[PDB]
Amino acid sequence: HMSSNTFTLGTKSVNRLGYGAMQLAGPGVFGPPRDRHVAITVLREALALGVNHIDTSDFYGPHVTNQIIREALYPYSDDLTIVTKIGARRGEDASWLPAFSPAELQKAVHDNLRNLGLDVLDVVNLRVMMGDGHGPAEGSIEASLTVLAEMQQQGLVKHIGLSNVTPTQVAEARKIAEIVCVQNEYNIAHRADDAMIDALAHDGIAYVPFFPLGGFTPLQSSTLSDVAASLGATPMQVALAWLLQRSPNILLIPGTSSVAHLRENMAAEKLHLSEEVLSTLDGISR
Ligand SMILES: NC(=O)c1ccc[n+]([C@@H]2O[C@H](COP(=O)([O-])OP(=O)(O)OC[C@H]3O[C@@H](n4cnc5c(N)ncnc54)[C@H](OP(=O)(O)O)[C@@H]3O)[C@@H](O)[C@H]2O)c1
Ligand SMILES: Cc1ncc(CO)c(CO)c1O
Ligand SMILES: [Mg+2]
């Protein structure tokens, strides 16, 4: 707890252990979850445990994830931040398609508002999808961001963020609109964004890693598992605790369909990583 367990996202304080809602839909993040009852329970328990940052999207399931959040939690407390993301849509074959035309982005914001039961969205991330590969890639985002900026000026969107972006795209974006967070691939074994994380921190912009555990080689995984065992913890817990201490602007949004996993994830706050452990951990990427 050298770093605070809270950070200011836009204009609201959030607990840096938050909840990502992507698991509350069927396989491929498509259709209903296996059990809507359990989904509702997880969301309510998350709030009970102090979660006040939920990450979602209307193209999760399409629509159904937001509607579950609404059934479970509406009316929302003033302390809750719901972050959503636009820029993609789902094919009938559960595919993930670009959706960056002004009509599509407007529809997306419109859908989020209806399905969450809101009049204004706290934070909308623009999910950028340049190139044929999956990660960040260069290319102007001015056109989409201009559209989002209009909806902000119209009062539909309070704050704008970015997802899946290069450091250059962030710089470009910040000329058009204020950016309150960047949501990118990042974990203990994938640390390309390290310099940007620090730069963003200095400017007071949040960084939201996704995939806390994953794309790990057997040796990477074995090392994390060794550390976890030495601490009486779970690998997920170590990965989360490591992200917490990495930088004070980092917000965590682990997703789960399981109440037990949720409790375990929130318990990662209790984990103190010694400088010895950190040396082992800071060396996993290399
Ligand atoms: N911006 C983007 O393009 C984008 C992309 C990916 C994700 N996201 C967001 O980021 C959030 C995080 O997603 P992620 O890709 O980073 O991965 P993640 O949600 O952290 O991992 C999901 C997997 O981890 C399992 N899990 C969670 N806690 C566990 C635990 N304590 N023990 C064992 N397994 C556990 C879940 O299974 P169980 O359900 O069985 O627990 C699920 O299979 C998502 O919820 C979503 O909101 C955004
Ligand atoms: C496969 C896949 N593709 C695209 C996205 C977002 O554009 C996500 C998550 O928001 C994803 O999981
Ligand atoms: Mg998830």
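Just so you know, residue 1 is the first one in the sequence shown, and it goes up from there. Start at 1 and go down the list; that is how both ligands and their atoms are numbered. Side chains included, hydrogens not; waters and symmetry mates left out as well; all remaining heavy atoms used.
- Put simply, the side chain of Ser230 gets close to the backbone of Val227: a donor and an acceptor are under 3.5 Å apart.
- Between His190 and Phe216, the ring planes lie perpendicular to each other; the angle is over 60°, past the 30° to 60° tilted range.
- Scanning the protein heavy atoms around atom 2 (C) of ligand 2, the nearest turns out to be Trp96 CD2, 3.8 Å.
- Across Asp122, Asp79, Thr81, a single residue satisfies side-chain hydrogen bond (donor to acceptor under 3.5 Å, both in side chains) together with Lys12, and that is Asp122.
- Applying the 4.0 Å criterion to heavy atoms of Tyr60 picks out, from ligand 2, the atoms 10 (O).
- Using a 4.0 Å cut-off between charged nitrogen and carboxylate oxygen, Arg90 and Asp58 do not count as a salt-bridge pair.
- In the hydrophobic clustering of this structure, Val208 groups with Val123; members are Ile, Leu, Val, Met, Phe, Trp, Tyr whose side-chain heavy atoms approach within less than 4.5 Å, directly or through other members.
- Residues with a heavy atom under 4.0 Å from ligand 1: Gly20, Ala21, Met22, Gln23, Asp55, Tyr60, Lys85, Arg127, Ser163, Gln183, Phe210, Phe211, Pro212, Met236, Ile253, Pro254, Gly255, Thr256, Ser257, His261, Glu264, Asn265.
- Tested against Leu200 for a side-chain contact (heavy atoms from CB on, under 4.5 Å), the candidates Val170, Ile179, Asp193 yield a single pass: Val170.
- Taking every non-hydrogen atom of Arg127 and a distance limit under 4.0 Å, the qualifying atoms of ligand 2 come out as 4 (C), 5 (C), 6 (C), 7 (O).
- In this structure, NZ in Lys85 is found 11.5 Å from CG in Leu126, a value given to the nearest 0.5 Å.
- Judged purely by atom type and a 3.5 angstrom limit, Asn249 has no side-chain atom pairing as donor or acceptor with the backbone of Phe7.
- Residue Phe210 does not touch ligand 2, judged by heavy-atom distances below 4.0 Å.
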